[PDB]
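Q: Handing you a structure now.
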Amino acid sequence: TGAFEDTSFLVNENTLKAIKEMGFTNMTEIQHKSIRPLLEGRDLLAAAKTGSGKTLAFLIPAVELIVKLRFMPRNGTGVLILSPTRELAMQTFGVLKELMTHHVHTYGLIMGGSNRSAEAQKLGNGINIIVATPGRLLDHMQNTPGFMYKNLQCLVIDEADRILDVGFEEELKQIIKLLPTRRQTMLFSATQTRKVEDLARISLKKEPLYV
Ligand SMILES: [Mg+2]
Ligand SMILES: [Mg+2]
């Protein structure tokens with residue numbers, strides 16, 4: 001039973017209600033493979049491509065941790081999603097926007113070269129789930145002082161191979177280092193590369209692999 005409605009206990013009803021209003025009925029392969037285990041709290045290494053429905057795969061358990069632990073603007077940041085490009089960062093964010101329609105928790109797109117000071121003032125408020133792009137996020141983490149990440153629960157790395165290709169290998173190593181180690185970490189990459197396997201060691205602990 002790969003339907004979405006059988007994910008009620010495991011995932012908040014307000015999440016399923018939104019997803020039902022998105023027009024989805026049944027889970028894709030990676031969703032079925034990934035969600036159940038990710039809810040339990042395992043670190044995933046996924047060999048996924050765009051079109052697999054991987055976005056929802058990582059978003060459902062991400063929003064779940066934020067709702068479960070009842071995060072507030074007070075609590076700083078909870079989930080951190082990394083995207084190579086602005087196109088994908090925005091893409092993922094639009095989905096997040098749809099999924100958060102029946103939630104009160106704070107979410108924002110702290111990505112791309114676009115008005116740095118307005119983002120800083122925004123993050124100061126307390127943004128629970130953040131869809132971001134690496135190079136700019138590190139800039140906030142090193143320079144924006146009122147940015148709280150100490151409470152981080154989930155870290156998602158979308159299109160890992162594509163992140164390295166745009167030249168963010170060092171930007172990655174430096175965000176991960178500065179992140180609290182007690183966390184769930186998810187790694188999605190279409191192409192299994194030598195470099196990809198290396199930052200997987202840095203990011204993950206003992207992953208359930210999914211192809
Ligand atoms: Mg660079
Ligand atoms: Mg991928």
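FYI, nothing fancy with the structure tokens labels: chains A, B, ... in order, residues from 1 per chain, ligands from 1 as they appear.
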List the spatial neighbours of region 44-48 of chain A as a PyMOL selection string - criterion: any atom at most 12 Å away, only C-alpha atoms, same-chain residues fewer than 4 positions off excluded.
A: chain A and resi 28-31+33-40+52-55+57-58+61+154-161+184-193+196-197+199-201+203-211
Q: Could you give me, as a PyMOL selection string, the residues within 9 Å of residue 79 (chain A), counting only C-alpha atoms and dropping anything in the same chain fewer than 3 positions from it?
A: chain A and resi 62-63+65-66+128-131+149+151-156
Q: Write to file, as a PDB file, in the first residue's frame, the residues of the selection just made, with N, CA, C and O atoms.
A:
ATOM      1  N   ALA A  62      11.020  16.052   7.379  1.00  0.00           N
ATOM      2  CA  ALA A  62      11.602  17.321   7.816  1.00  0.00           C
ATOM      3  C   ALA A  62      10.564  18.165   8.541  1.00  0.00           C
ATOM      4  O   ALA A  62      10.806  18.656   9.645  1.00  0.00           O
ATOM      5  N   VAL A  63       9.406  18.320   7.908  1.00  0.00           N
ATOM      6  CA  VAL A  63       8.281  19.039   8.497  1.00  0.00           C
ATOM      7  C   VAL A  63       7.766  18.292   9.735  1.00  0.00           C
ATOM      8  O   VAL A  63       7.282  18.910  10.690  1.00  0.00           O
ATOM      9  N   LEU A  65       9.537  16.521  12.014  1.00  0.00           N
ATOM     10  CA  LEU A  65      10.395  16.798  13.169  1.00  0.00           C
ATOM     11  C   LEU A  65      10.111  18.170  13.766  1.00  0.00           C
ATOM     12  O   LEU A  65      10.152  18.336  14.983  1.00  0.00           O
ATOM     13  N   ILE A  66       9.831  19.140  12.896  1.00  0.00           N
ATOM     14  CA  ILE A  66       9.515  20.515  13.295  1.00  0.00           C
ATOM     15  C   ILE A  66       8.176  20.591  14.025  1.00  0.00           C
ATOM     16  O   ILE A  66       8.049  21.308  15.024  1.00  0.00           O
ATOM     17  N   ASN A 128      12.450  28.363  11.076  1.00  0.00           N
ATOM     18  CA  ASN A 128      12.570  26.948  11.444  1.00  0.00           C
ATOM     19  C   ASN A 128      13.106  26.063  10.321  1.00  0.00           C
ATOM     20  O   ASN A 128      14.123  25.382  10.499  1.00  0.00           O
ATOM     21  N   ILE A 129      12.428  26.071   9.172  1.00  0.00           N
ATOM     22  CA  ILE A 129      12.897  25.323   8.008  1.00  0.00           C
ATOM     23  C   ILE A 129      13.431  26.283   6.946  1.00  0.00           C
ATOM     24  O   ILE A 129      12.749  27.230   6.544  1.00  0.00           O
ATOM     25  N   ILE A 130      14.661  26.031   6.507  1.00  0.00           N
ATOM     26  CA  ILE A 130      15.352  26.909   5.566  1.00  0.00           C
ATOM     27  C   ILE A 130      15.765  26.150   4.312  1.00  0.00           C
ATOM     28  O   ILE A 130      16.493  25.158   4.394  1.00  0.00           O
ATOM     29  N   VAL A 131      15.286  26.617   3.159  1.00  0.00           N
ATOM     30  CA  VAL A 131      15.787  26.145   1.873  1.00  0.00           C
ATOM     31  C   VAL A 131      16.842  27.136   1.394  1.00  0.00           C
ATOM     32  O   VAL A 131      16.544  28.300   1.125  1.00  0.00           O
ATOM     33  N   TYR A 149      21.357  28.281  14.599  1.00  0.00           N
ATOM     34  CA  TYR A 149      21.300  26.955  13.988  1.00  0.00           C
ATOM     35  C   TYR A 149      21.579  25.847  15.013  1.00  0.00           C
ATOM     36  O   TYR A 149      21.461  24.654  14.702  1.00  0.00           O
ATOM     37  N   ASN A 151      20.058  24.442  17.254  1.00  0.00           N
ATOM     38  CA  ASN A 151      19.000  23.468  17.510  1.00  0.00           C
ATOM     39  C   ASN A 151      18.728  22.503  16.350  1.00  0.00           C
ATOM     40  O   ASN A 151      17.846  21.642  16.446  1.00  0.00           O
ATOM     41  N   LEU A 152      19.507  22.638  15.274  1.00  0.00           N
ATOM     42  CA  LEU A 152      19.306  21.870  14.041  1.00  0.00           C
ATOM     43  C   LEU A 152      19.073  20.380  14.274  1.00  0.00           C
ATOM     44  O   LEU A 152      19.799  19.733  15.031  1.00  0.00           O
ATOM     45  N   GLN A 153      18.056  19.851  13.603  1.00  0.00           N
ATOM     46  CA  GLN A 153      17.675  18.450  13.728  1.00  0.00           C
ATOM     47  C   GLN A 153      17.951  17.692  12.440  1.00  0.00           C
ATOM     48  O   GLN A 153      18.431  16.562  12.473  1.00  0.00           O
ATOM     49  N   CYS A 154      17.644  18.327  11.311  1.00  0.00           N
ATOM     50  CA  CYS A 154      17.728  17.686   9.999  1.00  0.00           C
ATOM     51  C   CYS A 154      18.566  18.494   9.001  1.00  0.00           C
ATOM     52  O   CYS A 154      18.410  19.712   8.888  1.00  0.00           O
ATOM     53  N   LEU A 155      19.460  17.808   8.293  1.00  0.00           N
ATOM     54  CA  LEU A 155      20.231  18.412   7.204  1.00  0.00           C
ATOM     55  C   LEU A 155      20.048  17.628   5.905  1.00  0.00           C
ATOM     56  O   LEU A 155      20.349  16.436   5.845  1.00  0.00           O
ATOM     57  N   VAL A 156      19.565  18.313   4.870  1.00  0.00           N
ATOM     58  CA  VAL A 156      19.318  17.693   3.568  1.00  0.00           C
ATOM     59  C   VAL A 156      20.227  18.296   2.499  1.00  0.00           C
ATOM     60  O   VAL A 156      20.312  19.519   2.356  1.00  0.00           O
TER      61      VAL A 156
END
Q: Quick one: residues within 12 Å of residue 122 (chain A), only C-alpha atoms counted, chain neighbours fewer than 6 positions away excluded, as a ChimeraX atom specification?
A: /A:73,76,106-110,115-116,128,130,140,144,146-148
Q: Output C-alpha atoms for every residue in that selection, as a short mmCIF file (atom, residue, chain, number, x, y, z; two decimals), in the first residue's frame.
A:
data_model
loop_
_atom_site.label_atom_id
_atom_site.label_comp_id
_atom_site.auth_asym_id
_atom_site.auth_seq_id
_atom_site.Cartn_x
_atom_site.Cartn_y
_atom_site.Cartn_z
CA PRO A 73 10.55 31.31 16.00
CA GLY A 76 16.22 29.15 16.00
CA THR A 106 8.38 29.71 10.03
CA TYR A 107 10.00 28.90 6.68
CA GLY A 108 12.14 30.94 4.30
CA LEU A 109 14.35 30.92 1.21
CA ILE A 110 17.80 32.11 2.36
CA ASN A 115 19.47 41.44 -1.18
CA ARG A 116 21.69 40.10 1.65
CA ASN A 128 12.57 26.95 11.44
CA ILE A 130 15.35 26.91 5.57
CA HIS A 140 25.18 34.06 6.91
CA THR A 144 25.00 37.14 10.26
CA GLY A 146 21.48 36.60 14.99
CA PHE A 147 21.26 33.43 12.91
CA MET A 148 20.58 30.49 15.24
#
Q: Under the rule that only C-alpha atoms are counted, which of A:92, A:133, A:181, A:1 is the nearest residue to residue 50 (chain A)?
A: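 Ranked by minimum distance to residue 50 (chain A), first place goes to A:92.
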Q: Could you pull out the alpha helix (DSSP H) residues of region 6-187 of chain A, going by DSSP on the backbone, and write them as a ChimeraX atom specification?
A: /A:13-21,29-40,54-68,86-99,116-125,134-143,160-165,169-178
Q: Check which residues of chain A sit at most 10 Å from ligand 1 using only C-alpha atoms and all ligand atoms, and return one row each with the closest pair of atoms and their distance in Å to one decimal, ordered by chain and rising number, as a tab-separated table.
A:
residue	atom	partner	partner_atom_place_in_ligand_line	distance
A:134	CA	ligand 1	1 (Mg)	9.8
A:135	CA	ligand 1	1 (Mg)	7.2
A:164	CA	ligand 1	1 (Mg)	9.8
A:166	CA	ligand 1	1 (Mg)	8.0
A:167	CA	ligand 1	1 (Mg)	5.2
A:168	CA	ligand 1	1 (Mg)	5.6
A:169	CA	ligand 1	1 (Mg)	8.0
A:170	CA	ligand 1	1 (Mg)	7.4
A:171	CA	ligand 1	1 (Mg)	7.1
Q: Quick one: residues within 9 Å of residue 59 (chain A), only C-alpha atoms, excluding same-chain residues fewer than 6 positions away - as a PyMOL selection string?
A: chain A and resi 92+95-96+99
Q: Tell me, which residues of region 114-176 of chain A carry DSSP strand (DSSP E or B), written as number ranges by chain?
A: A: 129-132, 154-157
Q: Which one of A:111, A:67, A:120, A:82 sits closest to ligand 2 if you count only C-alpha atoms and all ligand atoms?
A: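 Comparing A:111, A:67, A:120, A:82 against ligand 2, the winner is A:82.
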Q: Can you work out which one of A:172, A:112, A:80, A:150 has the shortest atom-to-atom distance to residue 138 (chain A), counting only C-alpha atoms?
A: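 Nearest candidate to residue 138 (chain A) out of A:172, A:112, A:80, A:150: A:172.
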Q: Could you tell me which of A:132, A:60, A:69, A:118 comes closest to residue 93 (chain A) if we count only C-alpha atoms?
A: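 Answer, going by the shortest atom-to-atom distance: A:132.
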Q: Which one is closest to ligand 2: A:104, A:127, A:88, A:179? Count only C-alpha atoms and all ligand atoms.
A: A:88
Q: Identify which of the residues A:90, A:21, A:162, A:124 lies closest to ligand 2, counting only C-alpha atoms and all ligand atoms when measuring atom-to-atom distances.
A: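 Checking each candidate against ligand 2, we get A:162 as the closest.
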